[PDB]
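**Student:**
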Amino acid sequence: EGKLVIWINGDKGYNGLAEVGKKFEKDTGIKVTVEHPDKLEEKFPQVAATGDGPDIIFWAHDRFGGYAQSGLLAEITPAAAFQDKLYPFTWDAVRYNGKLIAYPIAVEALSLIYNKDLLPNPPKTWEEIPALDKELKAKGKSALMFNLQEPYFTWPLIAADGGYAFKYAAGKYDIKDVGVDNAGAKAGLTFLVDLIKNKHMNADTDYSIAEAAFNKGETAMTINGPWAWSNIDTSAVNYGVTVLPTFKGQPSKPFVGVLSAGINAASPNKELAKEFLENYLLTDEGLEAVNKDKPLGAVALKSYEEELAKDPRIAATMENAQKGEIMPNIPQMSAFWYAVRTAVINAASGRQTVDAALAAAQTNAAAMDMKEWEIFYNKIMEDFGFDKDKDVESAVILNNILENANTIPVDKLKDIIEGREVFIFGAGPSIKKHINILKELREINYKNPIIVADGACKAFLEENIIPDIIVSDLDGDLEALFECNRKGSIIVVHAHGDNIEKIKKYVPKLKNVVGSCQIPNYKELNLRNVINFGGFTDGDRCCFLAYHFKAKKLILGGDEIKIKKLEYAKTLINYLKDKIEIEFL
Ligand SMILES: OC[C@H]1O[C@H](O[C@H]2[C@H](O)[C@@H](O)[C@@H](O)O[C@@H]2CO)[C@H](O)[C@@H](O)[C@@H]1O
Numbered sequence: 011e012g013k014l015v016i017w018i019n020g021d022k023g024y025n026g027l028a029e030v031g032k033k034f035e036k037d038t039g040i041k042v043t044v045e046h047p048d049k050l051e052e053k054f055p056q057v058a059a060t061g062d063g064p065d066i067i068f069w070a071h072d073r074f075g076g077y078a079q080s081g082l083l084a085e086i087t088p089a090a091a092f093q094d095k096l097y098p099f100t101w102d103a104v105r106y107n108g109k110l111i112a113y114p115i116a117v118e119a120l121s122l123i124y125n126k127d128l129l130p131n132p133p134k135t136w137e138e139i140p141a142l143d144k145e146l147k148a149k150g151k152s153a154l155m156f157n158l159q160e161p162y163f164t165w166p167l168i169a170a171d172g173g174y175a176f177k178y179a180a181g182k183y184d185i186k187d188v189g190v191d192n193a194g195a196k197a198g199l200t201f202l203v204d205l206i207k208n209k210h211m212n213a214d215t216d217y218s219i220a221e222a223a224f225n226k227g228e229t230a231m232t233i234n235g236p237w238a239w240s241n242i243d244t245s246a247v248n249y250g251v252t253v254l255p256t257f258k259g260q261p262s263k264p265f266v267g268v269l270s271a272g273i274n275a276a277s278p279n280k281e282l283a284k285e286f287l288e289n290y291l292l293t294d295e296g297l298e299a300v301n302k303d304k305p306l307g308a309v310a311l312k313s314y315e316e317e318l319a320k321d322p323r324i325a326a327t328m329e330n331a332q333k334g335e336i337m338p339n340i341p342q343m344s345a346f347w348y349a350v351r352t353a354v355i356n357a358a359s360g361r362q363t364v365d366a367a368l369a370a371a372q373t374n375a376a377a378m379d380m381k382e383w384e385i386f387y388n389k390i391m392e393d394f395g396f397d398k399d400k401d402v403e404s405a406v407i408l409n410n411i412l413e414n415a416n417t418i419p420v421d422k423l424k425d426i427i428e429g430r431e432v433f434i435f436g437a438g439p440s441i442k443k444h445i446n447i448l449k450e451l452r453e454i455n456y457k458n459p460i461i462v463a464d465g466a467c468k469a470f471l472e473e474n475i476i477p478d479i480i481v482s483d484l485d486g487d488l489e490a491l492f493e494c495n496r497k498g499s500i501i502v503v504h505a506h507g508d509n510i511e512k513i514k515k516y517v518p519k520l521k522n523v524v525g526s527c528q529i530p531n532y533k534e535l536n537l538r539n540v541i542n543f544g545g546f547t548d549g550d551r552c553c554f555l556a557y558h559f560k561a562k563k564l565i566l567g568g591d592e593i594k595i596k597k598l599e600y601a602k603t604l605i606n607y608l609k610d611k612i613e614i615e616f617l
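Going by PDB author numbering, the letters in the sequence shown line up with residues 11 to 568, 591 to 617, in that order.
#1: Rounded to whole angstroms, what's the CA-CA distance from residue 259 to residue 136? Just pull it up for me.
#2: Going by beta carbon distance, what residues of the same chain come within less than 8 Å of residue 608, once the five residues before and after it are set aside?
#3: Do residue 72 and ligand 1 come close, with the Cβ less than 7 Å from some heavy atom?
#4: Note down, one range per segment and in chain order, each beta strand (DSSP E) of at least 3 residues found wholly within the region 26–81.
#5: How is residue 104 classed by DSSP in three states: helix, strand or coil?
#6: Cβ of residue 161 versus every heavy atom of ligand 1: is any distance shorter than 7 Å?
#7: Can the beta-carbon of residue 469 be found closer than 8 Å to that of residue 442?
#8: What is the rounded straight-line gap between the Cα of residue 386 and the Cα of residue 126?
#9: Just curious, the beta strand (DSSP E) that residue 480 is in, first and last residue?
#10: Would residue 203 and residue 370 be called neighbours here (beta carbons separated by less than 8 Å)?
#11: According to DSSP, is residue 362 helix, strand or coil?
#12: For the putative contact between residue 561 and residue 428, defined by C-beta atoms under 8 Å, what is the C-beta separation to the nearest angstrom?
#13: Give the DSSP-derived three-state secondary structure of residue 504 in the structure shown.
#14: In the DSSP assignment, find the unbroken beta strand (DSSP E) run with residue 118 in it and report its ends.
#15: According to DSSP, is residue 378 part of a helix, a strand, or is it coil?
#16: Rounded to the nearest angstrom, what separates residue 72 and residue 184 at their Cα positions?
#17: By how many angstroms is the C-alpha of residue 43 removed from the C-alpha of residue 329?
#18: From the DSSP output, in three-state form, read off residue 309 for me.
#19: In angstroms, rounded to a whole number, what distance separates the CA positions of residue 545 and residue 373?
#20: Judging by CA-CA distance, which residue of 243, 455, 433, 101 is the nearest neighbour of residue 466?
#21: Can you look up residue 85 in the DSSP assignment and give me helix, strand or coil?
#22: By a C-beta neighbour count over all protein chains shown, 10 Å radius and 16 as the cutoff for buried, is residue 551 buried or exposed?
#23: Under the criterion of a Cβ to heavy atom distance below 7 Å, does residue 269 qualify as lining ligand 2?
#24: Looking at the unbroken alpha helix (DSSP H) that takes in residue 203, where does it start and where does it end?
#25: Which of the three DSSP states is assigned to residue 411 in this structure?
#26: Cβ of residue 62 within 7 Å of any heavy atom in ligand 1?
#27: Short of 7 Å in beta carbon distance, which residues of its chain neighbour residue 604, apart from the five on each side in sequence? Order them along the chain.
#28: Using a Cβ-Cβ cutoff of less than 7 Å, which residues in the same chain neighbour residue 409 once the five nearest sequence positions on both sides are dropped?
#29: Should residue 121 be labelled buried (16 or more other beta-carbon atoms within 10 Å of its own) or exposed?
#30: Would you report the Cα separation of residue 542 and residue 527, rounded to the nearest angstrom?
#31: Indicate the three-state DSSP secondary structure (helix, strand or coil) for residue 253 in the structure shown.
#32: For the region 55–71 against the region 11–23, do three or more pairs of beta-carbon atoms, one drawn from each stretch, fall closer than 8 Å, so that the two count as touching?
#33: Between residue 364 and the rest of its own chain, which residues show a CB-CB distance below 7 Å, the 5 nearest in sequence each way excluded?
#34: Using a Cβ-Cβ cutoff of less than 6 Å, which residues in the same chain neighbour residue 32 once the five nearest sequence positions on both sides are dropped?
#35: Roughly how many whole angstroms lie between the Cα atoms of residue 339 and residue 268?
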């Protein structure tokens with residue numbers, strides 16, 4: 011690793027980035043290898059978490075906040091002379107918790123691309139597209155085709171009439187205020203699902219299918235970004251780039267991306283990556299070498315944007331950009347994108363209704379997703395030596411057992427845990443002291459939810475306080491638990507590679523059970539009786555649980593492999609201290 015490895019998406023001008031790398035090698039003899047693996051935004055966090063991966067990563071800024079909170083990105087500290095060369099708003103896109111975590115490259119915004127020969131007057135509104143499609147279908151052509159597998163391309167329509175991802179409240183994105191299932195979101199998605207049902211589009215259209223059909227003159231319109239103009243030029247189709255159509259009188263609001271280059275925190279060539287990006291790529295000569303391969307958009311480098319801003323296609327990119335919103339860079343963006351992706355794919359295929367698709371996305375958009383959990387998960391698994399495959403087998407087993415015996419619906423805990431000051435109790439030393447604080451606090455009518463770890467069951471019975479929820483792996487004294495379970499307590503049973511025995515044993519004899527697993531696949535495994543809210547120990551898992559179900563504020567009242597679990601606990605508890613009030617007792 012005496013050289014530079016660079017990762018950028020396959021739809022970008024990586025050949026042009028290689029040209030810059032060749033010049034870097036020419037002057038410093040440092041070989042530069044540009045790669046474009048599939049799903050690089052998801053592969054990088056995995057390879058980087060261990061110390062592997064490229065030296066420089068390229069992607070829209072929206073993923074970089076999750077990379078930084080995981081500690082995967084070195085902090086960039088360019089001289090003020092260099093920062094002044096880039097627009098300040100592009101720097102803001104890559105600032106996370108006051109630290110710049112990447113170099114901004116170019117502003118990406120989707121635009122409407124139309125065939126002038128097939129359609130010299132592109133439509134101004136979505137509503138008039140169905141009439142245009144049947145009209146074009148009389149000539150063997152379609153009106154519109156674009157990638158329906160990535161929510162990036164359908165979000166402009168979903169957001170036109172009021173849809174939003176996370177409310178921007180008082181200078182901060184409120185991860186609790188998600189707007190993917192409000193009136194506007196449903197309206198936008200419905201119009202898109204109607205387009206499929208009415209045969210104006212196919213739910214199967216993906217990137218390649220849409221690009222092929224448009225560049226072959228089969229469809230009159232597509233929706234894509236500046237990177238796609240290069241292939242359209244080669245296809246000889248006479249195209250134009252214009253403003254996206256309006257929906258219900260309101261403009262389409264595409265999430266605007268800023269292509270950014272992050273430096274791997276484990277890379278041993280940090281200073282080399284710094285000089286390459288600052289002195290080779292982010293120059294008029296360097297950005298253009300990339301731009302002539304595949305257009306970047308509105309570049310962040312001021313000197314080079316003055317020339318591109320004259321291009322009418324770039325003019326439309328910014329007009330569409332000004333009507334949308336720069337994406338957040340917060341770590342929860344990964345969860346939002348998965349939620350919307352699944353909702354669209356499910357509502358498009360008809361396999362699920364628009365109402366239920368968005369309602370499911372609403373829950374899991376703000377819910378912690380297995381993206382910042384992949385980091386903690388495997389870190390804990392090999393640190394203790396747990397068998398990753400056994401966490402699978404136990405999670406699956408737990409699910410099948412709950413399919414036919416004595417379940418409680420998830421939203422009944424949502425009935426308890428919401429807008430309330432939930433009490434979380436571990437088996438700590440001050441349990442009796444803090445339980446005394448709570449009792450005299452509950453004795454005065456401040457009677458709000460109570461979630462307790464397994465080892466605290468008997469510690470609560472003795473004061474005749476029946477916990478509302480109990481998080482347990484069914485390891486120790488189960489008698490105290492069982493008594494609580496029928497006096498009202500809901501039991502959240504957690505799957506453990508070392509607990510598969512007692513799962514099959516004690517579960518069927520319990521009432522009011524909800525499933526838990528640590529495994530991060532499960533959603534892809536399509537397990538519907540278990541859930542991974544996040545967390546390692548019963549204590550911290552209680553916190554993820556209350557958080558997962560929209561709890562206002564947490565209130566807590568609780591051989592090295594015993595000391596090392598208490599560290600992951602505080603590690604994971606501090607993780608949520610920036611997402612929910614966490615007042616200790
Ligand atoms: O579809 C969700 C996806 O949207 C964006 O991905 C864009 C990216 O910004 C573009 O530069 C280019 O790579 O096309 C992608 C669409 O497939 C977000 O940047 C990305 O995080 C998100 O998952």
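No residue lacks a Cβ here, since even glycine has one placed at the ideal position from N, Cα and C.
**Tutor:** This is what the structure holds:
#1: Position 249 of the sequence shown holds residue 259. Position 126 of the sequence shown holds residue 136. When rounded, the separation of the alpha-carbon atoms in residue 259 and residue 136 is 9 Å.
#2: Mapped onto the sequence shown, residue 608 falls at position 576. Spatial neighbours of residue 608 in its own chain (CB-CB distance under 8 Å, excluding positions within 5 residues in sequence) are listed in chain order as 553, 554, 557, 564, 614.
#3: Residue 72 sits at position 62 when you count from the first residue of the sequence shown. Yes, since a heavy atom of ligand 1 falls inside the 7 Å radius drawn around the Cβ of residue 72.
#4: The DSSP assignment places 42–45, 66–70 as complete runs of the beta strand (DSSP E) inside the region 26–81, in order along the chain (cut-off: 3 residues).
#5: Translated into the one-based positions of the sequence shown, residue 104 becomes position 94. In the structure shown, residue 104 falls within a coil segment according to DSSP collapsed to helix, strand and coil.
#6: For the purposes of this step, residue 161 is taken as the residue at position 151 of the sequence shown. The answer is yes for residue 161.
#7: Within the sequence shown, numbered from 1, the residue matching residue 469 stands at position 459. Within the sequence shown, numbered from 1, the residue matching residue 442 stands at position 432. Taking the C-beta atoms as reference points, residue 442 is found nearer than 8 Å to residue 469.
#8: Locating residue 386 in the sequence shown gives position 376, counting from the first residue. Locating residue 126 in the sequence shown gives position 116, counting from the first residue. Separation of residue 386 and residue 126 (C-alpha to C-alpha, rounded to the nearest whole angstrom) is 52 Å.
#9: Counting from 1 along the sequence shown, the entry for residue 480 is found at position 470. Boundaries of the beta strand (DSSP E) harbouring residue 480: 479–482, taken from the DSSP string.
#10: Position 193 of the sequence shown, counted from the start, is the residue given in the question as residue 203. Position 360 of the sequence shown, counted from the start, is the residue given in the question as residue 370. Cβ atoms of residue 203 and residue 370: not closer than 8 Å.
#11: Within the sequence shown, the letter at position 352 stands for residue 362. Secondary structure at residue 362: coil, using DSSP grouped into helix, strand and coil.
#12: In the sequence shown, the residue the question calls residue 561 occupies position 551. In the sequence shown, the residue the question calls residue 428 occupies position 418. That pair is a contact at about 7 Å.
#13: Numbered from its first residue, the sequence shown carries residue 504 at position 494. The three-state secondary structure of residue 504, taken from DSSP, is strand.
#14: In the sequence shown, counting from the first residue as 1, residue 118 sits at position 108. For residue 118, the uninterrupted beta strand (DSSP E) segment begins and ends at 113–118.
#15: If you number the sequence shown from 1, residue 378 lands on position 368. Of the three classes helix, strand and coil, the one that applies to residue 378 here is coil, per DSSP.
#16: Locating residue 72 in the sequence shown gives position 62, counting from the first residue. Locating residue 184 in the sequence shown gives position 174, counting from the first residue. C-alpha separation (whole angstroms): 16 Å.
#17: On the sequence shown, residue 329 is found 319 positions in, with the first residue counted as 1. On the sequence shown, residue 43 is found 33 positions in, with the first residue counted as 1. Using only the alpha carbons, I get a separation of about 35 Å.
#18: Your numbering for residue 309 matches position 299 in the sequence shown. Three-state DSSP puts residue 309 in a strand.
#19: Translated into positions along the sequence shown, residue 545 becomes position 535. Translated into positions along the sequence shown, residue 373 becomes position 363. Near 18 Å, if we compare the C-alpha coordinates of residue 373 and residue 545.
#20: The residue given as residue 466 occupies position 456 in the sequence shown. Nearest Cα to residue 466 within the set 243, 455, 433, 101: 433.
#21: Here the question's residue 85 lines up with position 75 in the sequence shown. Coil.
#22: As a first step, residue 551 must be located in the sequence shown, where it is residue number 541. By the 10 Å Cβ count, residue 551 comes out buried.
#23: As presented, the structure is devoid of ligand 2, carrying ligand 1 as its sole ligands.
#24: For this step, residue 203 is matched to residue 193 along the sequence shown. That run of the alpha helix (DSSP H) goes 193–207.
#25: Taking the sequence shown and counting its residues from 1, the one referred to as residue 411 is at position 401. Correct three-state label for residue 411: helix.
#26: The residue you call residue 62 lines up with position 52 of the sequence shown. No, since every heavy atom of ligand 1 falls outside the 7 Å radius drawn around the Cβ of residue 62.
#27: In the sequence shown, the residue the question calls residue 604 occupies position 572. Closer than 7 Å at the Cβ level, and outside the excluded window around residue 604, lie 386, 545, 546, 550.
#28: Locating residue 409 in the sequence shown gives position 399, counting from the first residue. Closer than 7 Å at the Cβ level, and outside the excluded window around residue 409, lie 525, 537, 539, 540.
#29: Within the sequence shown, the letter at position 111 stands for residue 121. So residue 121 counts as buried.
#30: Counting from 1 along the sequence shown, the entry for residue 542 is found at position 532. Counting from 1 along the sequence shown, the entry for residue 527 is found at position 517. When rounded, the distance between both Cα atoms is 5 Å.
#31: Along the sequence shown, one-based indexing puts residue 253 at 243. DSSP, read as helix, strand or coil, puts residue 253 in coil.
#32: Touching, yes.
#33: Residue numbering aside, residue 364 sits at position 354 when the sequence shown is read from its first letter. Answer for residue 364: 196, 199, 200, 203, 357, listed in chain order.
#34: Start at 1 with the first residue of the sequence shown, and residue 32 comes out as number 22. Within the same chain, and ignoring the five residues on either side of residue 32 in sequence, no residue has its Cβ closer than 6 Å to its Cβ.
#35: Translated into the one-based positions of the sequence shown, residue 339 becomes position 329. Translated into the one-based positions of the sequence shown, residue 268 becomes position 258. Going by the C-alpha atoms only, they are around 10 Å apart.
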